[PDB]
Amino acid sequence: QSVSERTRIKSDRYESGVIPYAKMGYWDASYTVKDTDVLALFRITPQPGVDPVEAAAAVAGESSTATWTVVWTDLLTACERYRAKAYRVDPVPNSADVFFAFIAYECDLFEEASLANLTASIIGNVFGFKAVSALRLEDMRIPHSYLXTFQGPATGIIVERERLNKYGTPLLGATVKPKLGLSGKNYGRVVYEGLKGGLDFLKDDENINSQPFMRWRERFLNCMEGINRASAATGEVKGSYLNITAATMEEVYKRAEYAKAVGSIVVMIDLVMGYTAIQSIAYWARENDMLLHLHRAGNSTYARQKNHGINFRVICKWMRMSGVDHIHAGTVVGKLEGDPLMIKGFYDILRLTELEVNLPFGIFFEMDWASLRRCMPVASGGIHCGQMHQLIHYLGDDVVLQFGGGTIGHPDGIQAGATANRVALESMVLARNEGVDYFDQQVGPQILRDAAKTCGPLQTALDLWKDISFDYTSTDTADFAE
Amino acid sequence: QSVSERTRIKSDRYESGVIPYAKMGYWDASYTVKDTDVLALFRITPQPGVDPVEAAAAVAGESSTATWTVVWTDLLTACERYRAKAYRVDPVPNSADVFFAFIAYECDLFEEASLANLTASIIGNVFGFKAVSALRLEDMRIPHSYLXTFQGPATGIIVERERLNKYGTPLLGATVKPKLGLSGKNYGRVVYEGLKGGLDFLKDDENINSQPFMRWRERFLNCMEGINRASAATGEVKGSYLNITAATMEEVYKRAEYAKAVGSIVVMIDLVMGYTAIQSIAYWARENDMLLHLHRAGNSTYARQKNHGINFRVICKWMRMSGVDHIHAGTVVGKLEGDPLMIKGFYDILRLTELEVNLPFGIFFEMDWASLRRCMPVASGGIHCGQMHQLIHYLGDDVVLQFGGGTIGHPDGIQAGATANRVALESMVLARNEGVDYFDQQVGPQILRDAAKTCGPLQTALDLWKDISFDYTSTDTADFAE
Amino acid sequence: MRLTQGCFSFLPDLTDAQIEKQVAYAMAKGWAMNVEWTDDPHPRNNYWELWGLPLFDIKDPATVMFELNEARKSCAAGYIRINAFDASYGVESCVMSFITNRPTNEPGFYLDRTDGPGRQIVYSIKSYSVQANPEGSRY
Amino acid sequence: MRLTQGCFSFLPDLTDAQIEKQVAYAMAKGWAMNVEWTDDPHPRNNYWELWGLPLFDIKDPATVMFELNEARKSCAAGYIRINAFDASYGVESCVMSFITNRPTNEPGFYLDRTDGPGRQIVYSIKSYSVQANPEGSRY
Ligand SMILES: O=C(O)[C@@](O)(COP(=O)(O)O)[C@H](O)[C@H](O)COP(=O)(O)O
Ligand SMILES: O=C(O)[C@@](O)(COP(=O)(O)O)[C@H](O)[C@H](O)COP(=O)(O)O
Ligand SMILES: [Mg+2]
Ligand SMILES: [Mg+2]
């Protein structure tokens with residue numbers, strides 16, 4: 001009878017009704033990956049009774065073109081081409097209800113230079129799907145071709161060191177404390193003292209923006225005085241991460257422009273600003289000769305648990321793409337969650353020109369960085385100079401070691417605190433380069449106790465804190481040991 | 001005894017002096033091409049006594065990292081990585097002392113999205129080198145990763161046809177004549193009459209910009225009255241390519257914005273404005289919902305001769321990357337140079353989603369186009385409705401066939417001129433789609449004579465022009481047959 | 001006047017035999033045919049009315065012609081066009097549209113002029129059929 | 001004051017033998033050493049004076065050390081550093097830089113404040129050595 005009825009689609013695939021995502025062409029056991037594909041590795045915990053291939057295909061489809069029922073509108077497009085392929089599923093080591101699922105997405109699916117669009121597809125909906133009890137994005141292969149649309153770090157490790165005139169040892173910093181309550185005046189005091197005592201940097205706390213107790217312009221002006229006073233006293237380029245985090249993008253710029261205008265070398269942003277402001281202020285930082293330090297605030301809400309979320313290693317990739325110059329990536333031995341293996345992989349992702357597969361470090365995909373610049377990892381949170389031998393071994397050369405409490409907590413004052421940390425650092429590096437087995441539980445502590453014999457502030461820091469450790473079990477562990 | 005002499009470099013490669021470029025690392029016949037490399041093919045006529053390979057090395061060197069004498073500063077860079085490698089030197093068929101030289105260039109040599117930079121390296125200096133008596137750039141492989149940095153056409157063929165609401169035949173237009181001298185009001189008359197009579201478009205001639213005889217605003221307003229009168233008279237979308245070619249970028253945008261504000265669907269630009277003005281205006285065209293027609297002015301100053309310059313197929317690649325919607329690409333049978341195989345090459349380059357090696361058509365590299373939109377070729381110059389069979393055969397569907405004199409030189413008027421072209425066209429395509437062997441020297445002219453028995457205007461244009469041809473030997477010809 | 005949208009509208013109205021030959025060409029290329037109806041002839045009326053779905057799994061020109069003829073019987077006086085959709089990477093769009101039916105008498109359009117800044121005119125094209133009567137009763 | 005540029009400047013001035021070991025490290029890693037001189041200690045004095053060319057070819061620390069001491073004996077009173085340079089892709093930069101020599105009496109700097117708009121200050125870091133005497137007679 002009626003025209004709607006005579007022209008119904010009657011094929012197996014585009015007849016109306018629900019068919020499984022695997023039978024919609026989102027699964028292919030022998031897809032061959034192209035060098036232009038976005039690859040994603042997911043850790044999928046299917047619900048009781050849901051097939052492991054089905055859940056992998058479901059994730060492929062709802063992150064590319066599918067929906068829950070069949071649509072004739074597919075056929076207005078080159079739908080073979082746009083469909084993502086779940087193309088491999090292994091079971092997760094030592095578990096028969098959790099799976100590693102590899103999914104490949106066609107290059108053309110993604111807006112050029114838009115982390116917002118990349119994430120809209122890849123994390124948009126699928127983590128809240130009913131058929132899946134848990135889901136974690138473990139890794140991604142960002143293809144060269146997509147990477148070339150992005151800026152990468154504004155300054156990057158190499159140019160940063162050049163603007164600083166500091167090569168050979170890890171760089172040094174401290175978060176100003178207490179976190180909140182200090183007036184701009186006193187902030188400028190802490191910054192002057194710490195920088196004058198040996199620190200390359202200080203920083204605003206992540207949550208120091210502009211508050212009744214201290215409005216932002218006061219902090220910036222008073223810190224600049226402190227910074228330039230420090231550099232006049234030492235003959236070093238100095239700085240402090242002036243926090244430009246704000247409610248609106250107009251305010252963030254206003255703060256960035258103010259930082260620039262008064263001569264600041266560096267500014268910080270919080271991750272809670274979100275990806276679009278981050279990309280904006282990363283382009284801005286390139287164009288205005290500014291270091292951009294990303295504090296990763298909020299990360300561990302999705303990054304902490306192994307069964308579900310986004311692994312921080314993917315956040316590394318996305319943030320290096322967007323173009324931040326620094327990003328916090330963990331300490332191993334401090335107050336914040338850090339397994340040595342996972343931190344090492346984070347550091348490789350941020351620093352290397354390319355990645356080779358290394359499953360113990362959580363590097364699931366091999367990947368070229370497409371001459372995007374290298375992002376400076378930051379090691380921060382409850383660390384002290386008694387741990388310096390551990391810091392050097394675990395974290396390498398290109399890194400900023402931050403000691404907020406480990407500098408300011410020092411009983412002989414802030415300058416004493418800073419000096420203890422830099423002597424610590426320099427002697428440890430000096431020693432490594434000479435061939436000494438610095439990481440040995442005997443030698444390492446001894447190199448510092450020897451350095452302490454000619455540095456008063458160091459003896460004191462060793463005396464005060466050498467018991468201190470944060471010896472707890474990890475949540476984010478590897479599935480392959482070393 | 002002096003510090004200069006003791007630290008003088010004494011290695012074979014980095015000691016002071018002239019050495020052959022083929023020993024400087026610019027000739028590597030077993031280089032494996034990477035997918036991210038930019039490839040160039042040059043036709044090299046070395047001077048008598050110069051080795052062909054040494055010439056290829058010189059070209060590779062002087063378009064990448066080299067100069068005429070050795071410099072120690074190479075050693076501050078990753079020199080081995082940045083050198084272009086001539087990787088293949090082959091004899092040319094039937095010229096005894098001429099050679100094809102393929103050269104590979106590392107992706108990181110090139111500023112992202114910059115045609116100026118690509119050309120600065122590939123064509124900057126190597127054509128004025130004394131050691132080579134002639135040099136021509138025949139083709140390039142622009143890698144997928146470089147192509148994604150570029151916009152591609154602002155509109156492209158697909159969206160262009162959706163804005164015109166015209167699918168199934170070639171589009172049709174004409175240059176207003178005489179080239180120079182017409183006032184604003186009269187330009188609009190000519191445009192109105194041609195559009196009413198059947199043409200989709202007319203266009204300003206390339207040298208019509210703004211002049212004593214007609215200032216550009218007068219043409220723009222009057223042309224829009226005529227365009228909108230024609231659209232109302234026919235119920236079709238209509239346009240004329242208003243020329244915004246101007247001395248300064250400030251004036252081009254003024255003309256572009258004026259064209260936008262008055263509702264023009266299309267603007268044109270001449271190639272003589274140069275690549276940087278072109279990329280600007282291509283971006284502008286995307287942002288402002290405008291079709292961008294590229295007149296190729298000056299192209300034949302370097303593209304005409306086989307021994308030297310740049311083959312037009314390369315220019316096609318470059319303009320499609322920069323992102324013009326139309327480019328003039330030849331007629332075969334009209335008044336300007338255009339060998340059938342070379343033209344079909346150019347048309348393939350502008351329209352296909354990728355390219356396979358096709359040596360008779362002059363396609364030396366296979367190349368994905370990276371989903372950059374397709375560029376509409378324009379067939380123009382000395383063609384007439386009596387050759388429509390030849391035009392449909394040689395040039396295909398996605399093309400604008402332009403009949404300036406072939407419309408305006410009709411004795412019964414411009415409308416008659418237009419109507420004759422459109423009937424020949426529609427009647428020729430109708431017959432192709434029916435299975436008729438329209439390209440046969442018999443049948444083609446017969447399809448037109450049939451339609452002429454029922455279209456006075458077409459009968460008259462066949463009688464006027466039927467014996468008109470431009471049969472001359474080509475300069476820009478193939479090296480390989482079929 | 002004659003509405004000269006469609007790619008064969010400077011030829012006489014196509015016979016059914018000529019239409020089928022163009023349908024047969026489109027379908028030999030693998031293209032999806034559809035039938036559409038309007039009584040708003042405005043140039044910028046992108047969306048004519050669908051006569052069912054596009055005929056995706058249909059191999060027979062005669063079936064396409066049948067839907068053309070059923071559209072012709074059921075639809076109010078107006079315009080009918082047939083399009084051919086190409087779903088391929090590189091195209092993903094219509095590649096052939098022509099008019100199969102047209103009204104006996106199309107009054108056409110007039111050009112409405114509103115004064116803008118300076119000498120600029122703001123133009124609107126007005127259909128006589130549309131301004132006078134609603135959809136379904138314009139011809 | 002002690003100018004704390006260079007990467008080992010919170011340690012005591014390095015001995016020849018301690019410098020040889022740092023040179024050994026750098027040579028075993030494939031890096032290129034060079035030696036440079038200045039008597040402008042300004043933190044933004046990017047370009048200290050080259051002492052000859054960098055030593056790319058060299059297979060023995062003693063050569064760097066021999067050049068260090070030749071530089072020591074020819075250059076006026078001031079600062080000498082040794083840099084290690086890594087030509088590797090993704091580095092292409094200095095990876096180590098430390099002071100080998102520093103004059104006995106470094107007065108340092110004062111901070112010079114010019115009033116900008118509002119409360120803003122225009123800072124210039126000024127060196128006592130440099131303002132009093134020309135290059136070659138500052139220490
Ligand atoms: O607010 C804090 O606790 C810190 O200022 C550390 O201060 P102390 O150095 O005084 O501990 C840092 O912001 C965190 O380490 C960030 O964590 P992560 O580095 O994991 O992003
Ligand atoms: O100026 C002219 O002669 C034309 O207007 C042709 O007019 P007619 O159709 O009246 O000859 C065109 O610009 C040429 O076709 C350009 O050559 P090409 O397309 O090869 O760049
Ligand atoms: Mg903090
Ligand atoms: Mg012309």
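No hydrogens, no waters, no symmetry mates; every other heavy atom, side chains included, goes into these values. Throughout, protein chains are lettered first and strands after them, A, B, ... in sequence-line order, and every chain is numbered starting at 1.
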Study note, to complete from the structure: Of the listed C/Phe109, C/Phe98, C/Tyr110, C/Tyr25, the one with the largest count of heavy-atom pairs under 4.5 Å with chain B is C/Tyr25

Practice item. Can you measure from CZ (C/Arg119) to CD (B/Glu225) and round to the nearest 0.5 angstrom? Key: 12.0 Å

Review point. Top residue by heavy-atom pair count (under 4.5 Å) with chain B, among C/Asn46, C/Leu11, C/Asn45?
Key: C/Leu11

Check your understanding: Does C/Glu92 CD have over 12 foreign heavy atoms under 6.0 Å away?
Key -> yes

Review point. For the atom pair CG (B/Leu221) and CD1 (C/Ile121), what is the distance rounded to the nearest 0.5 Å?
Key: 8.0 Å

Exercise for review: Measure C/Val95 against the heavy atoms of chain B and call it side chain, backbone, both or neither at under 4.5 Å.
Suggested key: backbone

Review point. In residues 165-174 of chain B, which residues are in contact with chain C at a heavy-atom separation under 4.5 Å?
Key: B/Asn165, B/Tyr167, B/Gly168, B/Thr169

Review point. For B/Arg161, is it the side chain, the backbone, both, or neither that has a heavy atom closer than 4.5 Å to a heavy atom of chain C?
Key: neither

Check your understanding: Side chain of B/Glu434, backbone of C/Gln22: donor and acceptor closer than 3.5 Å?
Key -> no

**Study point:** Portion of B/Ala233 that has a non-hydrogen atom of chain C nearer than 4.5 angstrom
**Key:** backbone

Review point. Rounded to the nearest 0.5 Å, how far does CD1 of B/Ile158 lie from CG of C/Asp86?
Key: 8.0 Å

Check your understanding: For C/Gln5, is it the side chain, the backbone, both, or neither that has a heavy atom closer than 4.5 Å to a heavy atom of chain B?
Key -> both

Review point. Is there a donor-acceptor contact under 3.5 Å linking the side chains of C/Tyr89 and B/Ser371?
Key: yes

Review point. Checking heavy atoms, do the side chain of C/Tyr123, its backbone, both or neither come under 4.5 Å from chain B?
Key: side chain

**Study point:** Smallest separation among heavy atoms of C/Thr4 and B/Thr234, with atom names
**Key:** OG1-O, 2.9 Å

Review point. From C/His42 NE2 over to B/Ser231 OG, what is the distance, rounded to the nearest 0.5 angstrom?
Key: 7.0 Å

Check your understanding: Atom OG of C/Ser93 and atom CD1 of B/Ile157: how far apart are they, to the nearest 0.5 Å?
Key -> 11.0 Å

Review point. Contact part of C/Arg2 toward chain B, heavy-atom cut-off under 4.5 Å: side chain, backbone, both or neither?
Key: backbone

Point to revise | Reported CZ-to-CG distance for the pair C/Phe10 and B/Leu430, which is rounded to 0.5 angstrom | key: 15.0 Å

Exercise for review: Sort C/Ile125 into side chain, backbone, both or neither according to what part of it lies under 4.5 angstrom from a heavy atom of chain B.
Suggested key: side chain

Exercise for review: Can you establish whether the number of heavy atoms outside B/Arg432 located under 6.0 Å from its atom CZ is more than 12?
Suggested key: yes

